[PDB]
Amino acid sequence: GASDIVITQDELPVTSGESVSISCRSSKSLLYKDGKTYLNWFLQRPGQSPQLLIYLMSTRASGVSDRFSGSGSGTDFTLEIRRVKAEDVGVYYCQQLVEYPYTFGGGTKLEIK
């Protein structure tokens, strides 16, 4: 769609126990009039469904390790992954829910060395 919000992600093999940050930019602000910023982060491990890591830009989902943290401005976003483990391997996606259609970034692969 010509008017859809476009989300771009950066590209990163990560050494186990080190750290990476993944960044995500949106073509429009994801801060809504209610004061919330509708940006999600997901991890899709190989052969698994995507897992919600962060929602509302900075709220960690239930069950998610505190190794993951989300921050951002409304147009630029970062997922910090501390002490990277084998279970972190997969593709990370950010997604906006501020406007229809909902749209995803193209994904950032993480592989372990």
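For every residue, the number given is its place in the sequence shown, counted from 1.
Deposited sequence between residue 12 and residue 13: 1 to 3 residues lack coordinates. Of the two stretches examined, 24 to 32 and 42 to 50, the record assigns the greater average C-alpha temperature factor to 24 to 32.
Stretches 13 to 21 and 91 to 99 differ in mean CA B factor, with 13 to 21 having the higher one. Per-chain ranking of the deposited C-alpha B factor places residue 79 in the lowest third.
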